[PDB]
Structure formats: structure tokens, C-alpha cells
$ cat start_19.cif   # mmCIF, C-alpha atoms and all ligand atoms
data_start
loop_
_atom_site.label_atom_id
_atom_site.label_comp_id
_atom_site.auth_asym_id
_atom_site.auth_seq_id
_atom_site.Cartn_x
_atom_site.Cartn_y
_atom_site.Cartn_z
CA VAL A 3 119.16 7.70 237.47
CA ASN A 4 121.28 10.43 235.87
CA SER A 5 124.40 12.41 236.81
CA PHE A 6 122.69 15.74 237.53
CA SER A 7 123.49 16.87 241.07
CA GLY A 8 122.34 19.55 243.52
CA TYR A 9 119.01 20.34 241.84
CA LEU A 10 115.82 21.25 243.66
CA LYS A 11 112.84 19.19 242.48
CA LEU A 12 109.91 21.40 241.49
CA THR A 13 107.64 18.75 239.92
CA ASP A 14 107.75 15.15 238.76
CA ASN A 15 109.98 16.12 235.82
CA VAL A 16 111.37 19.66 236.37
CA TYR A 17 114.48 20.37 238.45
CA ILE A 18 116.22 23.71 239.09
CA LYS A 19 119.64 24.91 240.25
CA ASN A 20 121.73 28.07 240.52
CA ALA A 21 124.44 27.27 238.00
CA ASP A 22 126.36 28.47 234.97
CA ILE A 23 125.01 26.31 232.14
CA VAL A 24 128.45 26.34 230.49
CA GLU A 25 130.12 24.88 233.58
CA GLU A 26 127.21 22.48 234.14
CA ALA A 27 127.37 21.07 230.60
CA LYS A 28 131.14 20.59 230.84
CA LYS A 29 130.68 18.55 234.04
CA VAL A 30 127.65 16.45 233.06
CA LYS A 31 128.19 16.16 229.29
CA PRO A 32 124.41 15.74 228.91
CA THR A 33 122.84 14.12 225.89
CA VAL A 34 121.17 17.48 225.17
CA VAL A 35 122.04 21.04 226.15
CA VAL A 36 119.51 23.70 225.14
CA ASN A 37 120.74 26.96 223.64
CA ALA A 38 118.73 30.18 223.95
CA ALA A 39 119.05 30.85 220.23
CA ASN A 40 117.79 33.44 217.78
CA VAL A 41 116.46 32.64 214.31
CA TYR A 42 119.81 33.44 212.64
CA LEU A 43 121.80 31.28 215.08
CA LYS A 44 124.01 34.32 215.76
CA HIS A 45 125.41 33.43 219.18
CA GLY A 46 126.48 36.84 220.39
CA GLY A 47 125.45 37.20 224.02
CA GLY A 48 123.55 35.65 226.87
CA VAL A 49 123.53 31.86 227.07
CA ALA A 50 124.22 31.57 223.34
CA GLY A 51 127.34 33.73 223.42
CA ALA A 52 128.60 31.85 226.47
CA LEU A 53 128.01 28.38 225.02
CA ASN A 54 129.56 29.37 221.70
CA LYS A 55 132.61 30.84 223.46
CA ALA A 56 133.10 27.55 225.34
CA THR A 57 133.19 25.71 221.98
CA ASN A 58 135.97 28.00 220.69
CA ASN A 59 133.48 29.34 218.06
CA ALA A 60 132.85 25.86 216.57
CA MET A 61 129.15 26.25 217.41
CA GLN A 62 129.01 29.46 215.35
CA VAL A 63 130.85 27.90 212.39
CA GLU A 64 128.44 24.95 212.35
CA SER A 65 125.47 27.30 212.76
CA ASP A 66 126.51 29.51 209.84
CA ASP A 67 126.57 26.46 207.56
CA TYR A 68 123.14 25.41 208.89
CA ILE A 69 121.64 28.83 208.08
CA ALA A 70 123.30 28.98 204.66
CA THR A 71 121.61 25.67 203.80
CA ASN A 72 118.25 25.98 205.56
CA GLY A 73 117.54 29.65 206.22
CA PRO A 74 116.45 31.10 209.56
CA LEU A 75 114.50 29.27 212.21
CA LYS A 76 111.00 30.31 213.26
CA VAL A 77 110.37 32.07 216.55
CA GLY A 78 109.14 29.17 218.68
CA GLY A 79 111.14 26.69 216.60
CA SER A 80 114.33 24.71 217.03
CA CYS A 81 117.02 22.65 215.38
CA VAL A 82 119.35 19.92 216.64
CA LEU A 83 123.05 20.50 216.03
CA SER A 84 126.25 19.20 217.58
CA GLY A 85 126.94 19.68 221.27
CA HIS A 86 130.67 20.01 220.49
CA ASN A 87 132.72 19.66 223.70
CA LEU A 88 129.72 20.45 225.93
CA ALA A 89 127.11 17.76 225.20
CA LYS A 90 126.23 15.14 222.62
CA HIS A 91 123.69 17.47 220.99
CA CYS A 92 122.68 21.10 221.24
CA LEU A 93 118.98 21.86 220.83
CA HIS A 94 118.88 25.46 219.60
CA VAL A 95 115.47 26.82 220.67
CA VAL A 96 114.15 30.26 219.75
CA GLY A 97 112.00 31.82 222.43
CA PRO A 98 110.41 35.19 221.73
CA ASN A 99 112.64 38.20 222.36
CA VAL A 100 110.46 40.83 224.04
CA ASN A 101 113.13 43.43 223.31
CA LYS A 102 112.29 42.82 219.61
CA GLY A 103 108.51 42.99 220.09
CA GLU A 104 107.87 39.26 219.66
CA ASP A 105 104.72 37.53 220.90
CA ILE A 106 105.24 36.09 224.39
CA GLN A 107 102.55 33.51 223.58
CA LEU A 108 105.19 31.80 221.42
CA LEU A 109 107.07 30.82 224.59
CA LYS A 110 104.84 27.76 224.99
CA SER A 111 105.60 26.67 221.42
CA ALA A 112 109.32 27.11 222.16
CA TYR A 113 109.14 24.86 225.23
CA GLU A 114 107.20 22.20 223.27
CA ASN A 115 110.46 21.44 221.44
CA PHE A 116 111.83 20.02 224.70
CA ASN A 117 109.27 17.18 224.58
CA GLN A 118 111.17 15.57 221.69
CA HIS A 119 114.04 14.73 224.10
CA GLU A 120 113.85 12.50 227.15
CA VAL A 121 116.32 14.53 229.27
CA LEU A 122 117.70 18.06 228.78
CA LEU A 123 119.92 20.63 230.48
CA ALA A 124 118.39 24.01 229.73
CA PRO A 125 118.11 27.69 230.60
CA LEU A 126 114.82 29.50 231.10
CA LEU A 127 113.66 30.45 227.62
CA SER A 128 113.14 34.14 226.85
CA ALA A 129 114.71 35.14 230.19
CA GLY A 130 117.85 37.22 230.61
CA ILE A 131 118.55 39.47 227.63
CA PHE A 132 115.44 38.16 225.82
CA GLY A 133 113.44 40.38 228.17
CA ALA A 134 110.61 38.14 229.39
CA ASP A 135 109.61 37.64 233.03
CA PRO A 136 111.57 34.62 234.32
CA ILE A 137 108.82 33.70 236.80
CA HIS A 138 106.55 33.41 233.77
CA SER A 139 109.13 31.40 231.83
CA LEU A 140 109.44 28.87 234.66
CA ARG A 141 105.65 28.56 234.87
CA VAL A 142 105.35 27.93 231.13
CA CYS A 143 108.17 25.38 231.34
CA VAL A 144 106.47 23.44 234.13
CA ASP A 145 103.10 23.55 232.36
CA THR A 146 104.48 22.56 228.92
CA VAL A 147 107.51 20.27 229.24
CA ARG A 148 106.70 16.65 230.09
CA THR A 149 110.20 15.21 229.65
CA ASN A 150 112.91 15.55 232.29
CA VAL A 151 114.36 19.06 232.33
CA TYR A 152 117.25 20.31 234.47
CA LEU A 153 117.16 24.11 234.57
CA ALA A 154 120.32 26.13 235.20
CA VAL A 155 119.76 29.49 236.54
CA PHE A 156 122.66 31.94 236.22
CA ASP A 157 121.53 34.70 238.59
CA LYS A 158 121.56 33.76 242.29
CA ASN A 159 119.06 36.46 243.29
CA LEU A 160 116.62 35.34 240.58
CA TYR A 161 117.36 31.61 241.51
CA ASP A 162 116.27 32.36 245.09
CA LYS A 163 113.33 34.41 243.81
CA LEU A 164 112.08 31.65 241.48
CA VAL A 165 112.10 28.99 244.20
CA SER A 166 110.52 31.21 246.85
CA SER A 167 107.83 32.34 244.40
CA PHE A 168 107.19 28.93 242.81
CA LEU A 169 103.64 27.67 243.08
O1 LIG B 1 117.26 32.74 231.15
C1 LIG B 1 118.57 32.63 230.66
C2 LIG B 1 119.49 33.31 231.72
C3 LIG B 1 119.06 34.78 231.87
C4 LIG B 1 119.81 35.60 232.88
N1 LIG B 1 119.18 36.39 233.74
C5 LIG B 1 120.08 37.06 234.58
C6 LIG B 1 121.42 36.79 234.38
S1 LIG B 1 121.57 35.67 233.09
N2 LIG B 1 120.88 33.21 231.26
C7 LIG B 1 121.72 32.17 231.59
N3 LIG B 1 121.21 31.10 232.27
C8 LIG B 1 122.05 30.07 232.59
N4 LIG B 1 123.36 29.98 232.32
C9 LIG B 1 123.83 31.04 231.65
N5 LIG B 1 125.11 31.21 231.23
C10 LIG B 1 125.28 32.40 230.57
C11 LIG B 1 124.04 33.04 230.55
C12 LIG B 1 123.09 32.19 231.24
CL CL B 2 120.84 36.04 229.08
#
$ encode --input "start_19.cif" --output "C-alpha cells" --more "lines below"
Ligand SMILES: OC[C@H](Cc1nccs1)Nc1ncnc2[nH]ccc12
Ligand SMILES: [Cl-]
Amino acid sequence: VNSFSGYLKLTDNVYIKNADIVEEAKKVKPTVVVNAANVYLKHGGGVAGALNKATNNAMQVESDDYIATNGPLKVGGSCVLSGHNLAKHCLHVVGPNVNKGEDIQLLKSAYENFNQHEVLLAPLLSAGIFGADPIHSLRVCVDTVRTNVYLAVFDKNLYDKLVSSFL
């Protein structure tokens, strides 16, 4: 039993809700919130900009030190950093950005990072400003993640579309 509330159950382990991931994380304080990151951990817009704003830029400060030490992530890769005031940990995961010409096949590799954590609050990877089809992202999530994932969907029209179209 966990403190996630109001989610629709899609499968044994995947749950979905229309919610602002920032407001969700503040309420639940999950062990892990997933950020829709880029390889430079530059949290400018989308989920990343919103999460970083909610940390008063502490996420960006921590991320800049991470990059200075370790260099960029790989597309499809991840790193675990602090969750600041939002969660215990933030799993920064880089899905492919179609608006940069990146290989959508790497979306499965991106979701594989979730399997290293028993429970996560997450957005749909590569959706929104990353330019992939969200129906596809949900399908890859369901077919790749085996741990318990609570998906927050920002856009109500898309939330309704993902449920009604879910197979
Ligand atoms: O796939 C990620 C998703 C993509 C979008 N598509 C249409 C509108 S935003 N973005 C978000 N998802 C959840 N919480 C969020 N807070 C801020 C952004 C955000
Ligand atoms: Cl977005």
C-alpha cells in the first residue's frame, strides 16, 4: 500500500492520472520522481523546467555540478540526484527528443531505467515538448517497466485520449 490516490489502473504495475507532476510530488513526497531530462541536465522547459522551478533552482545547481564532474548523460540514460523538496530522489531520465532528430527506438532504453526502482512517480517520456507520440510512449512504458509506476499526465485532453485509446 502506498499514498498515491485517484489513479486509474492500466495493468498490474502501471497507474495513470491527470495531474501536474509538480503538485503530485509535493503531496506524495515519493521515494522517486522522474524528470524528463536532457543530456546536459539543463532544466529549461516542460516537466524539467517545472520541477526545477519548484526547487527554487536547487535542482539546476546540483545538476550543473553533476555535469561538470561527469559530463553529459546518454540519450536513453539516467542518473539519480536529490529530490530536493519534492521527493527523496530524482531519477533524471533522457528520452529521445524527436525535435532534435533522435532515435525513437531509444525510448525503450529510457524506460528500462525505471526498473531499478520499486516505485516511481513519472511523466510520459519523450512526450510534450520532446515531440514523440504520447500514445506510443504509454505503450512502451507498459511493455517495458515492470516496477510500480504512477504516471502523471498534464494535459486533460491527452489524459482522456490515452485512457480511451489504451489497449
Ligand atoms: O509527457 C510529459 C508531459 C507532456 C505534455 N504534453 C502536453 C502538455 S504537457 N509534460 C508534463 N507531464 C506531467 N506534469 C507536467 N508538469 C509540467 C509539464 C508536465
Ligand atoms: Cl513537456
$ residues_near_ligand --input "start_19.cif" --ligand "ligand CL 2 (chain B)" --cutoff "7 Å" --atoms "all atoms listed in the file" --output "list in words"
residues 47, 48, 49, 129, 130, 131 and 132 of chain A
$ closest_atom_pairs --input "start_19.cif" --of "range 11-75 of chain A" --to "range 110-118 of chain A" --cutoff "12 Å" --atoms "all atoms listed in the file" --output "JSON lines"
{"residue": "A:15", "atom": "CA", "partner": "A:117", "partner_atom": "CA", "distance": 11.3}
{"residue": "A:16", "atom": "CA", "partner": "A:116", "partner_atom": "CA", "distance": 11.7}
{"residue": "A:34", "atom": "CA", "partner": "A:116", "partner_atom": "CA", "distance": 9.7}
{"residue": "A:35", "atom": "CA", "partner": "A:116", "partner_atom": "CA", "distance": 10.4}
{"residue": "A:36", "atom": "CA", "partner": "A:116", "partner_atom": "CA", "distance": 8.5}
{"residue": "A:37", "atom": "CA", "partner": "A:116", "partner_atom": "CA", "distance": 11.3}
{"residue": "A:38", "atom": "CA", "partner": "A:112", "partner_atom": "CA", "distance": 10.1}
{"residue": "A:39", "atom": "CA", "partner": "A:112", "partner_atom": "CA", "distance": 10.6}
{"residue": "A:40", "atom": "CA", "partner": "A:112", "partner_atom": "CA", "distance": 11.4}
{"residue": "A:41", "atom": "CA", "partner": "A:112", "partner_atom": "CA", "distance": 12.0}
{"residue": "A:75", "atom": "CA", "partner": "A:112", "partner_atom": "CA", "distance": 11.4}
$ atom_distance --input "start_19.cif" --atom1 "CA of residue 8 in chain A" --atom2 "CA of residue 97 in chain A"
26.5 Å
$ residues_near_ligand --input "start_19.cif" --ligand "ligand LIG 1 (chain B)" --cutoff "10 Å" --atoms "all atoms listed in the file" --output "ChimeraX atom specification"
/A:19-27,37-38,47-53,123-136,139-140,153-161
$ closest_residue --input "start_19.cif" --among "A:58, A:5, A:71, A:10" --to "residue 166 in chain A" --atoms "all atoms listed in the file"
A:10
